[PDB]
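J.: Sharing protein_27.txt, compact mmCIF, C-alpha atoms and all ligand atoms:
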```txt
# COMPACT_ATOMS: atom_id res chain seq x y z
CA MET E 1 18.61 106.57 -131.61
CA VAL E 2 18.76 105.07 -128.18
CA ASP E 3 18.42 101.53 -129.30
CA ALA E 4 21.98 100.16 -128.79
CA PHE E 5 21.75 101.28 -125.12
CA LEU E 6 18.79 98.98 -124.34
CA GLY E 7 19.31 95.87 -122.32
CA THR E 8 20.92 94.59 -119.16
CA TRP E 9 24.42 95.80 -118.21
CA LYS E 10 26.81 94.93 -115.41
CA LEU E 11 29.51 97.17 -113.89
CA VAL E 12 33.00 95.89 -114.69
CA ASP E 13 35.24 98.94 -114.02
CA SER E 14 35.08 102.15 -112.01
CA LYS E 15 37.43 105.09 -111.78
CA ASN E 16 37.06 108.03 -109.27
CA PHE E 17 33.60 107.13 -107.95
CA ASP E 18 34.69 108.06 -104.45
CA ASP E 19 35.67 111.51 -105.62
CA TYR E 20 32.31 111.99 -107.34
CA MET E 21 30.35 110.82 -104.29
CA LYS E 22 32.46 112.98 -101.94
CA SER E 23 31.79 116.01 -104.17
CA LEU E 24 28.05 115.37 -103.72
CA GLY E 25 28.52 115.14 -99.93
CA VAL E 26 27.78 111.48 -99.67
CA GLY E 27 28.81 110.24 -96.22
CA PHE E 28 31.94 108.07 -95.72
CA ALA E 29 30.04 104.93 -94.80
CA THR E 30 27.83 105.03 -97.83
CA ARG E 31 30.90 105.67 -100.02
CA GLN E 32 32.57 102.67 -98.43
CA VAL E 33 29.81 100.25 -99.30
CA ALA E 34 29.28 101.87 -102.73
CA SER E 35 32.93 101.44 -103.67
CA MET E 36 32.42 97.62 -103.41
CA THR E 37 28.96 97.49 -105.07
CA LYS E 38 28.54 96.19 -108.61
CA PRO E 39 25.24 97.34 -109.95
CA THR E 40 23.16 95.95 -112.77
CA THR E 41 21.58 98.61 -115.01
CA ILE E 42 18.54 97.72 -117.13
CA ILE E 43 17.48 100.20 -119.88
CA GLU E 44 14.13 99.66 -121.54
CA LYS E 45 12.03 101.65 -123.90
CA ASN E 46 8.37 101.92 -124.74
CA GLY E 47 8.00 104.43 -127.54
CA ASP E 48 9.89 107.52 -126.48
CA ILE E 49 9.55 106.61 -122.77
CA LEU E 50 12.74 105.14 -121.33
CA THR E 51 12.94 103.25 -118.04
CA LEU E 52 16.33 103.03 -116.32
CA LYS E 53 16.69 100.59 -113.47
CA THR E 54 19.76 100.37 -111.33
CA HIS E 55 19.88 97.35 -109.03
CA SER E 56 22.31 96.30 -106.32
CA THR E 57 22.74 94.83 -102.93
CA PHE E 58 22.94 98.26 -101.46
CA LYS E 59 20.74 100.79 -103.17
CA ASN E 60 18.12 100.42 -105.95
CA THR E 61 16.63 103.07 -108.22
CA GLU E 62 14.19 103.37 -111.08
CA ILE E 63 13.33 106.30 -113.30
CA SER E 64 11.04 106.66 -116.27
CA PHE E 65 11.24 109.65 -118.56
CA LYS E 66 10.35 110.97 -121.93
CA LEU E 67 13.37 111.97 -123.90
CA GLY E 68 13.90 115.73 -123.78
CA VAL E 69 11.18 116.33 -121.10
CA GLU E 70 12.01 117.36 -117.58
CA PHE E 71 11.11 115.07 -114.68
CA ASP E 72 11.39 115.14 -110.93
CA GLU E 73 13.88 112.59 -109.50
CA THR E 74 15.02 111.44 -106.09
CA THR E 75 18.54 110.09 -106.46
CA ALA E 76 20.19 107.07 -104.81
CA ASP E 77 21.72 109.54 -102.29
CA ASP E 78 18.37 111.23 -101.70
CA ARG E 79 18.84 114.40 -103.62
CA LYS E 80 15.60 115.93 -104.95
CA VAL E 81 16.48 117.10 -108.41
CA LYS E 82 15.04 118.35 -111.67
CA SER E 83 16.22 116.11 -114.47
CA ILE E 84 16.32 115.86 -118.24
CA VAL E 85 17.71 113.16 -120.47
CA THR E 86 18.49 113.67 -124.14
CA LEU E 87 20.45 112.08 -126.89
CA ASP E 88 23.37 114.37 -127.73
CA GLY E 89 26.19 113.24 -130.08
CA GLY E 90 24.87 109.72 -129.76
CA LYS E 91 25.26 109.80 -125.98
CA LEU E 92 22.45 109.62 -123.40
CA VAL E 93 22.97 112.77 -121.43
CA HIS E 94 21.24 113.01 -118.03
CA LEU E 95 21.40 116.47 -116.48
CA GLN E 96 20.33 116.88 -112.86
CA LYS E 97 19.75 120.36 -111.31
CA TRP E 98 19.15 121.22 -107.66
CA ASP E 99 19.96 124.22 -105.47
CA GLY E 100 21.81 125.79 -108.42
CA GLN E 101 24.12 122.73 -108.62
CA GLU E 102 24.36 120.54 -111.63
CA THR E 103 25.65 117.03 -112.29
CA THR E 104 25.74 115.11 -115.59
CA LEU E 105 25.49 111.35 -116.06
CA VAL E 106 26.63 110.70 -119.59
CA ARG E 107 26.35 107.25 -121.26
CA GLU E 108 28.22 106.41 -124.49
CA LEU E 109 28.77 103.16 -126.39
CA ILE E 110 32.43 102.54 -127.15
CA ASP E 111 33.28 99.25 -128.66
CA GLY E 112 30.12 97.63 -127.36
CA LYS E 113 30.69 98.69 -123.80
CA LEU E 114 28.59 101.35 -122.11
CA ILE E 115 30.72 104.05 -120.57
CA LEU E 116 29.04 106.14 -117.90
CA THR E 117 30.78 109.43 -117.13
CA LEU E 118 29.67 111.21 -113.94
CA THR E 119 30.66 114.90 -113.48
CA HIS E 120 29.97 117.09 -110.48
CA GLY E 121 32.08 120.15 -109.70
CA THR E 122 35.49 119.12 -110.87
CA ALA E 123 35.06 115.42 -110.09
CA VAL E 124 34.92 113.11 -113.12
CA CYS E 125 34.13 109.45 -112.63
CA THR E 126 34.15 106.86 -115.39
CA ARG E 127 32.25 103.62 -115.01
CA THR E 128 32.30 100.85 -117.58
CA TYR E 129 29.33 98.49 -118.04
CA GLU E 130 29.33 95.27 -120.05
CA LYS E 131 26.33 93.84 -121.82
CA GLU E 132 24.69 90.88 -120.20
CA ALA E 133 21.54 90.65 -122.41
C1 LIG E 201 21.65 102.19 -107.35
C2 LIG E 201 23.11 101.83 -107.15
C3 LIG E 201 23.99 103.11 -107.34
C4 LIG E 201 25.49 102.86 -107.09
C5 LIG E 201 25.81 102.43 -105.67
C6 LIG E 201 25.20 103.31 -104.60
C7 LIG E 201 25.80 104.73 -104.56
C8 LIG E 201 25.01 105.61 -103.64
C9 LIG E 201 25.68 106.90 -103.39
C10 LIG E 201 26.02 107.70 -104.62
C11 LIG E 201 24.86 107.89 -105.55
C12 LIG E 201 25.28 108.87 -106.60
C13 LIG E 201 24.27 108.96 -107.70
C14 LIG E 201 24.01 107.65 -108.48
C15 LIG E 201 25.31 107.11 -109.13
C16 LIG E 201 24.97 106.05 -110.18
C17 LIG E 201 26.15 105.12 -110.52
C18 LIG E 201 25.82 104.05 -111.51
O1 LIG E 201 24.77 103.94 -112.07
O2 LIG E 201 26.82 103.25 -111.73
```
Would you write the structure of this file as C-alpha cells?
T.:
Amino acid sequence: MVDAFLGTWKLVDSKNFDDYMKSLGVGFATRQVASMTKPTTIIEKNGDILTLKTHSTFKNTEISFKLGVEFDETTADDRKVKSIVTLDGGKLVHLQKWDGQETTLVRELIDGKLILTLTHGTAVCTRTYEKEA
C-alpha cells in the first residue's frame, strides 16, 4: 500500500542532484538555483488516484495518476514524457520515457524518512525528505 507515503514532506538532504540535472541537459543557471531550493512535496490519494505536488520558490509541479496506468507529464524542466507510477517492493516507482530515454524517480520509506532516488543514464541522486504532517 501507498499509505505511509501520504502527507507533507520537506527536503532535508540532497546528494548528486547537479549530476542528475546535468545528465538531463538542464542549463547551468537552472541547476544553480535548484541546488539551493528546498521543495515541499505533498502526496495525497483519492481511491487509487494519487496526486503529487512539488512546491518551491523556483519551480512548482503537480501530477495526478492512477497507479499502474500511463499518463502524459510535462516535467519541471519541460520534458514531455510518458509516465507510469507503480508500487514495487514497497517503493513508489515513477518511470518516465521520452525519445527512447528513461529516468526513474523512486521513493522508499526508510526509518520514517522518504528517500527519493533519481536515476538517469549513470547519474544517481538521493534526496531525503522528512515528514511535516
Ligand atoms: C518542483 C521543484 C523541483 C526541484 C527544483 C527544481 C529543479 C528543476 C530542474 C530539474 C528538474 C528535474 C526533474 C524533477 C526533479 C524532482 C526533485 C524532487 O522532487 O526533489
J.: Give me the box for ligand LIG 201 (chain E) as JSON, namely the centre and edge lengths in Å to one decimal of a box along x, y and z that holds every listed atom plus 4 Å on each side.
T.:
```
{"center_x": 24.2, "center_y": 105.4, "center_z": -107.7, "size_x": 13.2, "size_y": 15.1, "size_z": 16.7}
```
J.: What does the structure give for the distance between atom CA of residue 64 of chain E and atom CA of residue 2 of chain E, in Å to one decimal?
T.: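 Computed distance, atom CA of residue 64 of chain E to atom CA of residue 2 of chain E, equals 14.3 Å.
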J.: With distances taken over all atoms listed in the file, which residue among E:47, E:7, E:25, E:100 lies nearest residue 113 of chain E?
T.: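 Among the listed residues, the smallest separation from residue 113 of chain E belongs to E:7.
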J.: List all protein, DNA and RNA residues that have at least one atom no more than 8 Å from any atom of ligand LIG 201 (chain E), counting all atoms listed in the file, and write them as a list in words.
T.: residues 11, 20, 21, 24, 26, 30, 31, 33, 34, 35, 37, 38, 39, 41, 54, 55, 56, 58, 59, 60, 61, 75, 76, 77, 105, 116, 118 and 127 of chain E
J.: Atom CA of residue 85 of chain E and atom CA of residue 65 of chain E, how far apart in Å?
T.: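 Those two atoms sit 7.6 Å apart.
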J.: Applying 12 Å and only C-alpha atoms, which residues near residue 111 of chain E remain after dropping the ones on its own chain fewer than 3 positions away? List them as a PyMOL selection string.
T.: chain E and resi 4+108+114-115+128-131
J.: What lies within 12 Å of residue 80 of chain E using only C-alpha atoms, ignoring chain neighbours under 6 positions off, as a list in words?
T.: residues 71, 72, 73, 74, 96, 97, 98, 99, 101 and 102 of chain E
J.: Point out the residue among E:109, E:89, E:67, E:95 with the least atom-to-atom distance to residue 48 of chain E, counting all atoms listed in the file.
T.: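 Closest candidate: E:67.
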J.: Hey, which of E:8, E:83, E:40, E:14 ends up closest to residue 124 of chain E? Count all atoms listed in the file.
T.: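 For residue 124 of chain E, the nearest of the candidates is E:14.
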J.: Can you work out the spacing between atom CA of residue 52 of chain E and atom CA of residue 92 of chain E in Å, to one decimal?
T.: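 Distance between the two atoms: 11.4 Å.
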J.: Would you please work out which residue, of E:36, E:93, E:12, E:106, is nearest to residue 57 of chain E when using only C-alpha atoms?
T.: E:36
J.: Kindly indicate which residue among E:63, E:1, E:69, E:87 lies nearest to residue 107 of chain E, using all atoms listed in the file for the distances.
T.: E:87
